[PDB]
Amino acid sequence: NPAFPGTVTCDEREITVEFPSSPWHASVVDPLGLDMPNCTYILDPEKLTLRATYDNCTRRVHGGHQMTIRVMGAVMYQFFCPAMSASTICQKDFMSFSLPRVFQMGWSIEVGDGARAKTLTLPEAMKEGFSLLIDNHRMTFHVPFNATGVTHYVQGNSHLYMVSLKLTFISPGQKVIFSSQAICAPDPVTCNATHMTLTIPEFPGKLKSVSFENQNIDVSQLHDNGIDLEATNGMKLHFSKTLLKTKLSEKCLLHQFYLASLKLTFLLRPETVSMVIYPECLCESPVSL
Ligand SMILES: *[C@@H]1O[C@H](CO)[C@@H](O[C@@H]2O[C@H](CO)[C@@H](O[C@@H]3O[C@H](CO[C@H]4O[C@H](CO)[C@@H](O)[C@H](O[C@H]5O[C@H](CO)[C@@H](O)[C@H](O)[C@@H]5O)[C@@H]4O)[C@@H](O)[C@H](O[C@H]4O[C@H](CO)[C@@H](O)[C@H](O)[C@@H]4O)[C@@H]3O)[C@H](O)[C@H]2NC(C)=O)[C@H](O)[C@H]1NC(C)=O
Ligand SMILES: *[C@@H]1O[C@H](CO)[C@@H](O)[C@H](O)[C@H]1NC(C)=O
Ligand SMILES: *[C@@H]1O[C@H](CO)[C@@H](O)[C@H](O)[C@H]1NC(C)=O
Ligand SMILES: *[C@@H]1O[C@H](CO)[C@@H](O)[C@H](O)[C@H]1NC(C)=O
């Protein structure tokens, strides 16, 4: 019932509860107040923290996890930790993430890996091109291709930008951490009379799945669906035009074959990452006035 004077941090796997300094004793319980049987948590008297994984220490609720604690006459607090699209939104000009709304607010971004990893506060991150747009029902985190720490691969005219990101949403007394790798191949499109071809420079990830028009296809099945893959010296993916839609752009005198949206799911041996692209064959003849 009372507001919790400490701070809570939600991560992908565990929640950490920090208490303020007082010259405290806490336990993990269910909403009724009884010790959870299978919950194992860690107390750090030096850091004044309680740490627990979501499994076995929280109840699964709509859109996240809920933990209840008891403090000692005997006050009880509850915390909500959101469950957090790993798919990268890949466009010709930048990368972005579309995320469920979390709960004016601040944020921080960590860019890179290990030693190269660097942390930025809102000023420096925005100065570098990062932005967070809190629209209704979801949030958008804007990642520029040319931010420091982005790996830039090139093969011919196709480019690939890859970077590891640890985004921290900051609100008074709460922090939510989202981690993912952003991967975008802007301008990978190639077309001829009969096919559309997507070329991506060679990089550690290797293709595992393709999704388009709510159809999920593993690599092994691609050939039986009019899609052929060449994985040597980078990715070259050929879609038959009979699977694509057709549209008439207002700047074009002829129809363009295109896909409404294409999701490419790659496997890096540690983790699986996805990118969503919006590929279309180039206009043949423009409108001239
Ligand atoms: C537009 O661009 C597209 C994309 O590249 C072109 O379509 C592809 O053209 C290439 C080159 O001709 C084709 O590869 C050749 O395939 C033949 C025989 O194909 C069989 O073996 C393939 C390999 O396993 C297999 O993928 C095929 O199945 C697909 O393709 C057929 C059409 O070919 C289609 O009907 C099916 O439904 C599948 O989609 C099929 O089983 C093969 O003999 C060729 O090998 C020779 O050449 C290579 C080098 O290219 C050489 O290494 C070999 O030793 C041998 O000498 C070659 O592999 C490919 O199949 C076409 N399709 C796709 C999806 O990529 C298209 O031609 C372009 N059009 C124009 C107008 O330019
Ligand atoms: C903990 O989980 C195991 C496995 O699901 C279950 O068998 C057990 O009853 C649970 N509770 C305790 C107290 O072990
Ligand atoms: C949670 O409990 C299940 C069984 O109920 C057990 O299999 C699993 O290993 C536990 N996870 C953690 C993180 O303790
Ligand atoms: C490249 O980065 C600088 C600052 O980091 C930014 O001003 C510029 O707009 C970026 N490039 C593009 C094409 O936006």
# chains A, B, ... in the order shown; residues from 1 in each chain; ligands from 1
>>> residues_near_ligand(ligand="ligand 4", cutoff="8 Å", atoms="only C-alpha atoms and all ligand atoms", output="ChimeraX atom specification")
/A:93,127-129,144-148
>>> write_last_selection(atoms="N, CA, C and O atoms", output="mmCIF file, in the first residue's frame")
data_model
loop_
_atom_site.group_PDB
_atom_site.id
_atom_site.type_symbol
_atom_site.label_atom_id
_atom_site.label_comp_id
_atom_site.auth_asym_id
_atom_site.auth_seq_id
_atom_site.Cartn_x
_atom_site.Cartn_y
_atom_site.Cartn_z
ATOM 1 N N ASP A 93 17.643 4.744 -43.790
ATOM 2 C CA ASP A 93 18.361 5.837 -43.148
ATOM 3 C C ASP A 93 18.855 5.541 -41.738
ATOM 4 O O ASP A 93 19.772 6.229 -41.280
ATOM 5 N N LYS A 127 23.113 13.733 -28.479
ATOM 6 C CA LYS A 127 24.086 14.412 -29.328
ATOM 7 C C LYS A 127 24.638 13.459 -30.372
ATOM 8 O O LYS A 127 25.010 13.885 -31.470
ATOM 9 N N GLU A 128 24.638 12.165 -30.079
ATOM 10 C CA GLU A 128 25.153 11.205 -31.041
ATOM 11 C C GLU A 128 24.089 10.728 -32.028
ATOM 12 O O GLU A 128 24.422 10.022 -32.987
ATOM 13 N N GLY A 129 22.829 11.117 -31.846
ATOM 14 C CA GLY A 129 21.771 10.746 -32.769
ATOM 15 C C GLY A 129 20.736 9.806 -32.200
ATOM 16 O O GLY A 129 19.754 9.501 -32.889
ATOM 17 N N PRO A 144 21.238 5.513 -34.868
ATOM 18 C CA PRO A 144 21.889 5.916 -36.117
ATOM 19 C C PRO A 144 22.971 4.945 -36.562
ATOM 20 O O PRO A 144 23.675 4.337 -35.751
ATOM 21 N N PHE A 145 23.089 4.812 -37.891
ATOM 22 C CA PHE A 145 24.091 3.926 -38.476
ATOM 23 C C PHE A 145 25.503 4.367 -38.123
ATOM 24 O O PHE A 145 26.411 3.532 -38.037
ATOM 25 N N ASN A 146 25.711 5.671 -37.927
ATOM 26 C CA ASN A 146 27.047 6.231 -37.778
ATOM 27 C C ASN A 146 27.354 6.637 -36.339
ATOM 28 O O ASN A 146 28.214 7.490 -36.109
ATOM 29 N N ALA A 147 26.661 6.047 -35.368
ATOM 30 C CA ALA A 147 27.007 6.246 -33.967
ATOM 31 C C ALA A 147 28.291 5.497 -33.625
ATOM 32 O O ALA A 147 28.577 4.430 -34.177
ATOM 33 N N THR A 148 29.074 6.068 -32.710
ATOM 34 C CA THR A 148 30.323 5.430 -32.308
ATOM 35 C C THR A 148 30.058 4.028 -31.769
ATOM 36 O O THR A 148 29.126 3.808 -30.989
#
>>> residues_near_ligand(ligand="ligand 1", cutoff="9 Å", atoms="only C-alpha atoms and all ligand atoms", output="list in words")
residues 190, 191, 192, 193, 194, 195, 196, 197, 223, 224, 225, 226, 227, 228, 229, 230, 236, 237, 238, 239 and 240 of chain A
>>> closest_atom_pairs(of="chain A", to="ligand 3", cutoff="10 Å", atoms="only C-alpha atoms and all ligand atoms", output="JSON lines")
{"residue": "A:13", "atom": "CA", "partner": "ligand 3", "partner_atom_place_in_ligand_line": "13 (C)", "distance": 8.6}
{"residue": "A:14", "atom": "CA", "partner": "ligand 3", "partner_atom_place_in_ligand_line": "13 (C)", "distance": 9.0}
{"residue": "A:37", "atom": "CA", "partner": "ligand 3", "partner_atom_place_in_ligand_line": "5 (O)", "distance": 9.7}
{"residue": "A:38", "atom": "CA", "partner": "ligand 3", "partner_atom_place_in_ligand_line": "2 (O)", "distance": 6.5}
{"residue": "A:39", "atom": "CA", "partner": "ligand 3", "partner_atom_place_in_ligand_line": "14 (O)", "distance": 7.1}
{"residue": "A:40", "atom": "CA", "partner": "ligand 3", "partner_atom_place_in_ligand_line": "14 (O)", "distance": 7.0}
{"residue": "A:41", "atom": "CA", "partner": "ligand 3", "partner_atom_place_in_ligand_line": "14 (O)", "distance": 9.4}
{"residue": "A:52", "atom": "CA", "partner": "ligand 3", "partner_atom_place_in_ligand_line": "13 (C)", "distance": 8.6}
{"residue": "A:53", "atom": "CA", "partner": "ligand 3", "partner_atom_place_in_ligand_line": "13 (C)", "distance": 5.8}
{"residue": "A:54", "atom": "CA", "partner": "ligand 3", "partner_atom_place_in_ligand_line": "13 (C)", "distance": 7.3}
{"residue": "A:55", "atom": "CA", "partner": "ligand 3", "partner_atom_place_in_ligand_line": "1 (C)", "distance": 5.0}
{"residue": "A:56", "atom": "CA", "partner": "ligand 3", "partner_atom_place_in_ligand_line": "1 (C)", "distance": 4.8}
{"residue": "A:57", "atom": "CA", "partner": "ligand 3", "partner_atom_place_in_ligand_line": "14 (O)", "distance": 8.2}
>>> write_last_selection(atoms="N, CA, C and O atoms", output="PDB file, in the first residue's frame")
ATOM      1  N   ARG A  13      16.381 -11.232 -16.740  1.00  0.00           N
ATOM      2  CA  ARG A  13      16.281 -12.464 -15.967  1.00  0.00           C
ATOM      3  C   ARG A  13      15.945 -12.255 -14.500  1.00  0.00           C
ATOM      4  O   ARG A  13      15.191 -13.050 -13.934  1.00  0.00           O
ATOM      5  N   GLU A  14      16.464 -11.209 -13.859  1.00  0.00           N
ATOM      6  CA  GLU A  14      16.335 -11.064 -12.418  1.00  0.00           C
ATOM      7  C   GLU A  14      15.932  -9.638 -12.063  1.00  0.00           C
ATOM      8  O   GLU A  14      16.062  -8.712 -12.864  1.00  0.00           O
ATOM      9  N   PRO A  37       7.770 -21.224  -1.697  1.00  0.00           N
ATOM     10  CA  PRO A  37       8.535 -22.434  -1.346  1.00  0.00           C
ATOM     11  C   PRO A  37       9.813 -22.601  -2.154  1.00  0.00           C
ATOM     12  O   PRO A  37      10.864 -22.927  -1.588  1.00  0.00           O
ATOM     13  N   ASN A  38       9.751 -22.389  -3.464  1.00  0.00           N
ATOM     14  CA  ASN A  38      10.876 -22.604  -4.364  1.00  0.00           C
ATOM     15  C   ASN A  38      11.693 -21.347  -4.639  1.00  0.00           C
ATOM     16  O   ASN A  38      12.596 -21.389  -5.477  1.00  0.00           O
ATOM     17  N   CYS A  39      11.406 -20.236  -3.970  1.00  0.00           N
ATOM     18  CA  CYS A  39      12.146 -19.011  -4.242  1.00  0.00           C
ATOM     19  C   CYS A  39      13.453 -18.989  -3.461  1.00  0.00           C
ATOM     20  O   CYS A  39      13.454 -19.058  -2.226  1.00  0.00           O
ATOM     21  N   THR A  40      14.558 -18.873  -4.188  1.00  0.00           N
ATOM     22  CA  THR A  40      15.873 -18.604  -3.627  1.00  0.00           C
ATOM     23  C   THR A  40      16.288 -17.203  -4.051  1.00  0.00           C
ATOM     24  O   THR A  40      16.342 -16.909  -5.250  1.00  0.00           O
ATOM     25  N   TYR A  41      16.597 -16.349  -3.076  1.00  0.00           N
ATOM     26  CA  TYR A  41      17.051 -14.987  -3.333  1.00  0.00           C
ATOM     27  C   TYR A  41      18.360 -14.732  -2.592  1.00  0.00           C
ATOM     28  O   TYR A  41      18.760 -15.492  -1.706  1.00  0.00           O
ATOM     29  N   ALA A  52      16.707 -11.547  -7.021  1.00  0.00           N
ATOM     30  CA  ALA A  52      15.997 -12.789  -7.288  1.00  0.00           C
ATOM     31  C   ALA A  52      15.675 -12.893  -8.770  1.00  0.00           C
ATOM     32  O   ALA A  52      15.429 -11.885  -9.437  1.00  0.00           O
ATOM     33  N   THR A  53      15.680 -14.123  -9.278  1.00  0.00           N
ATOM     34  CA  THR A  53      15.257 -14.375 -10.646  1.00  0.00           C
ATOM     35  C   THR A  53      13.739 -14.439 -10.706  1.00  0.00           C
ATOM     36  O   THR A  53      13.076 -14.768  -9.719  1.00  0.00           O
ATOM     37  N   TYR A  54      13.189 -14.122 -11.880  1.00  0.00           N
ATOM     38  CA  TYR A  54      11.737 -14.116 -12.022  1.00  0.00           C
ATOM     39  C   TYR A  54      11.153 -15.498 -11.764  1.00  0.00           C
ATOM     40  O   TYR A  54      10.143 -15.628 -11.063  1.00  0.00           O
ATOM     41  N   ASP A  55      11.787 -16.542 -12.297  1.00  0.00           N
ATOM     42  CA  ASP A  55      11.310 -17.897 -12.056  1.00  0.00           C
ATOM     43  C   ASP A  55      11.297 -18.195 -10.562  1.00  0.00           C
ATOM     44  O   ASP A  55      12.278 -17.931  -9.857  1.00  0.00           O
ATOM     45  N   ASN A  56      10.165 -18.719 -10.085  1.00  0.00           N
ATOM     46  CA  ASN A  56      10.031 -19.281  -8.745  1.00  0.00           C
ATOM     47  C   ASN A  56      10.003 -18.218  -7.651  1.00  0.00           C
ATOM     48  O   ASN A  56       9.731 -18.537  -6.490  1.00  0.00           O
ATOM     49  N   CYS A  57      10.255 -16.956  -8.000  1.00  0.00           N
ATOM     50  CA  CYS A  57      10.274 -15.875  -7.019  1.00  0.00           C
ATOM     51  C   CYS A  57       9.257 -14.786  -7.323  1.00  0.00           C
ATOM     52  O   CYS A  57       9.113 -13.847  -6.531  1.00  0.00           O
TER      53      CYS A  57
END
>>> residues_around(residues="residue 180 in chain A", least_positions_apart="2", cutoff="7 Å", atoms="only C-alpha atoms", output="ChimeraX atom specification")
/A:86,164-166,178,182
>>> residues_around(residues="residue 250 in chain A", least_positions_apart="6", cutoff="12 Å", atoms="only C-alpha atoms", output="count of residues only")
6
>>> atom_distance(atom1="atom 13 (C, counted along the ligand's line) of ligand 2", atom2="CA of residue 82 in chain A")
26.4 Å
>>> closest_residue(among="A:6, A:279, A:31, A:23", to="residue 78 in chain A", atoms="only C-alpha atoms")
A:31
>>> residues_around(residues="residue 108 in chain A", least_positions_apart="6", cutoff="9 Å", atoms="only C-alpha atoms", output="ChimeraX atom specification")
/A:119-122,125,166-170
>>> select_by_dssp(residues="range 163-254 of chain A", states="strand (DSSP E or B)", output="VMD selection string")
chain A and resid 163 to 171 174 to 184 189 to 191 195 to 200 206 to 212 215 to 218 227 to 230 235 to 240 245 to 247 252
>>> atom_distance(atom1="CA of residue 255 in chain A", atom2="CA of residue 284 in chain A")
8.6 Å
>>> decode(residues="range 37-148 of chain A", atoms="C-alpha atoms", output="PDB file, in the first residue's frame")
ATOM      1  CA  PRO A  37       8.535 -22.434  -1.346  1.00  0.00           C
ATOM      2  CA  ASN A  38      10.876 -22.604  -4.364  1.00  0.00           C
ATOM      3  CA  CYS A  39      12.146 -19.011  -4.242  1.00  0.00           C
ATOM      4  CA  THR A  40      15.873 -18.604  -3.627  1.00  0.00           C
ATOM      5  CA  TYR A  41      17.051 -14.987  -3.333  1.00  0.00           C
ATOM      6  CA  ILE A  42      20.351 -13.317  -2.430  1.00  0.00           C
ATOM      7  CA  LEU A  43      20.862 -10.668   0.239  1.00  0.00           C
ATOM      8  CA  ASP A  44      23.837  -8.299   0.258  1.00  0.00           C
ATOM      9  CA  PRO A  45      24.059  -6.504   3.622  1.00  0.00           C
ATOM     10  CA  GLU A  46      26.912  -4.370   2.280  1.00  0.00           C
ATOM     11  CA  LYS A  47      24.958  -3.131  -0.759  1.00  0.00           C
ATOM     12  CA  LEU A  48      21.540  -3.331   0.968  1.00  0.00           C
ATOM     13  CA  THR A  49      20.037  -5.282  -1.931  1.00  0.00           C
ATOM     14  CA  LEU A  50      17.755  -8.247  -2.521  1.00  0.00           C
ATOM     15  CA  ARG A  51      18.212 -10.081  -5.811  1.00  0.00           C
ATOM     16  CA  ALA A  52      15.997 -12.789  -7.288  1.00  0.00           C
ATOM     17  CA  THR A  53      15.257 -14.375 -10.646  1.00  0.00           C
ATOM     18  CA  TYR A  54      11.737 -14.116 -12.022  1.00  0.00           C
ATOM     19  CA  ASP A  55      11.310 -17.897 -12.056  1.00  0.00           C
ATOM     20  CA  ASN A  56      10.031 -19.281  -8.745  1.00  0.00           C
ATOM     21  CA  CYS A  57      10.274 -15.875  -7.019  1.00  0.00           C
ATOM     22  CA  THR A  58       7.517 -13.955  -8.850  1.00  0.00           C
ATOM     23  CA  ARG A  59       4.057 -14.704 -10.175  1.00  0.00           C
ATOM     24  CA  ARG A  60       3.576 -14.483 -13.927  1.00  0.00           C
ATOM     25  CA  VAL A  61       1.070 -11.717 -14.660  1.00  0.00           C
ATOM     26  CA  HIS A  62      -0.248 -10.078 -17.815  1.00  0.00           C
ATOM     27  CA  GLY A  63       2.695  -8.547 -19.663  1.00  0.00           C
ATOM     28  CA  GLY A  64       5.406  -9.155 -17.075  1.00  0.00           C
ATOM     29  CA  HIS A  65       6.307 -10.493 -13.640  1.00  0.00           C
ATOM     30  CA  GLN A  66       5.160  -9.416 -10.177  1.00  0.00           C
ATOM     31  CA  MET A  67       7.198  -9.760  -6.993  1.00  0.00           C
ATOM     32  CA  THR A  68       5.884  -9.194  -3.483  1.00  0.00           C
ATOM     33  CA  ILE A  69       8.130  -8.501  -0.494  1.00  0.00           C
ATOM     34  CA  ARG A  70       7.630  -8.134   3.253  1.00  0.00           C
ATOM     35  CA  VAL A  71       9.637  -5.585   5.277  1.00  0.00           C
ATOM     36  CA  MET A  72      10.034  -5.310   9.058  1.00  0.00           C
ATOM     37  CA  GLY A  73       5.715  -3.426  11.806  1.00  0.00           C
ATOM     38  CA  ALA A  74       5.178  -5.645   8.750  1.00  0.00           C
ATOM     39  CA  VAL A  75       4.787  -3.633   5.525  1.00  0.00           C
ATOM     40  CA  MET A  76       4.349  -5.256   2.103  1.00  0.00           C
ATOM     41  CA  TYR A  77       5.391  -3.920  -1.298  1.00  0.00           C
ATOM     42  CA  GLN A  78       4.809  -5.094  -4.854  1.00  0.00           C
ATOM     43  CA  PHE A  79       6.892  -4.522  -7.951  1.00  0.00           C
ATOM     44  CA  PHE A  80       6.108  -5.071 -11.602  1.00  0.00           C
ATOM     45  CA  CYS A  81       8.805  -5.866 -14.129  1.00  0.00           C
ATOM     46  CA  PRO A  82       7.839  -5.721 -17.817  1.00  0.00           C
ATOM     47  CA  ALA A  83       8.696  -8.587 -20.111  1.00  0.00           C
ATOM     48  CA  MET A  84      10.651  -7.132 -23.009  1.00  0.00           C
ATOM     49  CA  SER A  85      10.480  -7.033 -30.111  1.00  0.00           C
ATOM     50  CA  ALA A  86      14.085  -8.207 -30.422  1.00  0.00           C
ATOM     51  CA  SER A  87      13.588  -7.636 -34.157  1.00  0.00           C
ATOM     52  CA  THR A  88      15.471  -4.597 -35.473  1.00  0.00           C
ATOM     53  CA  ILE A  89      13.437  -2.203 -37.624  1.00  0.00           C
ATOM     54  CA  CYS A  90      15.731  -1.713 -40.623  1.00  0.00           C
ATOM     55  CA  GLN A  91      15.204   1.302 -42.899  1.00  0.00           C
ATOM     56  CA  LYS A  92      17.315   3.035 -45.531  1.00  0.00           C
ATOM     57  CA  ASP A  93      18.361   5.837 -43.148  1.00  0.00           C
ATOM     58  CA  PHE A  94      18.664   4.297 -39.654  1.00  0.00           C
ATOM     59  CA  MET A  95      17.819   1.451 -37.262  1.00  0.00           C
ATOM     60  CA  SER A  96      15.198   1.447 -34.557  1.00  0.00           C
ATOM     61  CA  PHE A  97      13.601  -0.705 -31.898  1.00  0.00           C
ATOM     62  CA  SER A  98       9.862  -0.837 -31.230  1.00  0.00           C
ATOM     63  CA  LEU A  99       9.237  -1.680 -27.609  1.00  0.00           C
ATOM     64  CA  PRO A 100       6.271  -2.092 -25.261  1.00  0.00           C
ATOM     65  CA  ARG A 101       5.661   0.976 -23.134  1.00  0.00           C
ATOM     66  CA  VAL A 102       7.570   0.980 -19.865  1.00  0.00           C
ATOM     67  CA  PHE A 103       7.100   3.375 -16.963  1.00  0.00           C
ATOM     68  CA  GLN A 104       8.820  12.679 -17.634  1.00  0.00           C
ATOM     69  CA  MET A 105      11.298   9.788 -17.841  1.00  0.00           C
ATOM     70  CA  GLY A 106      15.001   9.428 -18.534  1.00  0.00           C
ATOM     71  CA  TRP A 107      17.149   6.822 -20.228  1.00  0.00           C
ATOM     72  CA  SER A 108      20.752   5.764 -20.781  1.00  0.00           C
ATOM     73  CA  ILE A 109      22.384   3.664 -23.491  1.00  0.00           C
ATOM     74  CA  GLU A 110      25.394   1.347 -23.305  1.00  0.00           C
ATOM     75  CA  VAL A 111      27.072   0.804 -26.688  1.00  0.00           C
ATOM     76  CA  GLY A 112      29.606  -1.897 -27.491  1.00  0.00           C
ATOM     77  CA  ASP A 113      31.025  -4.999 -25.841  1.00  0.00           C
ATOM     78  CA  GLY A 114      33.265  -5.377 -22.808  1.00  0.00           C
ATOM     79  CA  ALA A 115      36.218  -3.005 -22.972  1.00  0.00           C
ATOM     80  CA  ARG A 116      34.835  -1.133 -25.988  1.00  0.00           C
ATOM     81  CA  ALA A 117      31.485  -0.837 -24.180  1.00  0.00           C
ATOM     82  CA  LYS A 118      30.714   2.776 -23.333  1.00  0.00           C
ATOM     83  CA  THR A 119      27.864   4.397 -21.433  1.00  0.00           C
ATOM     84  CA  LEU A 120      26.048   7.584 -22.378  1.00  0.00           C
ATOM     85  CA  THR A 121      23.649   9.793 -20.460  1.00  0.00           C
ATOM     86  CA  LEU A 122      20.714  11.398 -22.290  1.00  0.00           C
ATOM     87  CA  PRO A 123      22.726  14.522 -23.397  1.00  0.00           C
ATOM     88  CA  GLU A 124      25.631  12.668 -25.022  1.00  0.00           C
ATOM     89  CA  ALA A 125      23.409   9.938 -26.496  1.00  0.00           C
ATOM     90  CA  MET A 126      21.057  12.467 -28.088  1.00  0.00           C
ATOM     91  CA  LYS A 127      24.086  14.412 -29.328  1.00  0.00           C
ATOM     92  CA  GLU A 128      25.153  11.205 -31.041  1.00  0.00           C
ATOM     93  CA  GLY A 129      21.771  10.746 -32.769  1.00  0.00           C
ATOM     94  CA  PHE A 130      19.965   8.429 -30.365  1.00  0.00           C
ATOM     95  CA  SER A 131      16.379   9.222 -29.474  1.00  0.00           C
ATOM     96  CA  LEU A 132      13.422   7.688 -27.658  1.00  0.00           C
ATOM     97  CA  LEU A 133       9.920   8.577 -28.888  1.00  0.00           C
ATOM     98  CA  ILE A 134       7.253   7.739 -26.301  1.00  0.00           C
ATOM     99  CA  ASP A 135       4.159   7.436 -28.418  1.00  0.00           C
ATOM    100  CA  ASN A 136       1.012   5.760 -27.135  1.00  0.00           C
ATOM    101  CA  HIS A 137       0.973   1.936 -26.788  1.00  0.00           C
ATOM    102  CA  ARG A 138       4.705   1.568 -27.642  1.00  0.00           C
ATOM    103  CA  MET A 139       8.108   3.266 -27.718  1.00  0.00           C
ATOM    104  CA  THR A 140      10.643   3.789 -30.492  1.00  0.00           C
ATOM    105  CA  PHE A 141      14.391   3.892 -29.893  1.00  0.00           C
ATOM    106  CA  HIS A 142      16.248   5.433 -32.826  1.00  0.00           C
ATOM    107  CA  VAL A 143      19.739   4.082 -33.543  1.00  0.00           C
ATOM    108  CA  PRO A 144      21.889   5.916 -36.117  1.00  0.00           C
ATOM    109  CA  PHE A 145      24.091   3.926 -38.476  1.00  0.00           C
ATOM    110  CA  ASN A 146      27.047   6.231 -37.778  1.00  0.00           C
ATOM    111  CA  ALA A 147      27.007   6.246 -33.967  1.00  0.00           C
ATOM    112  CA  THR A 148      30.323   5.430 -32.308  1.00  0.00           C
TER     113      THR A 148
END
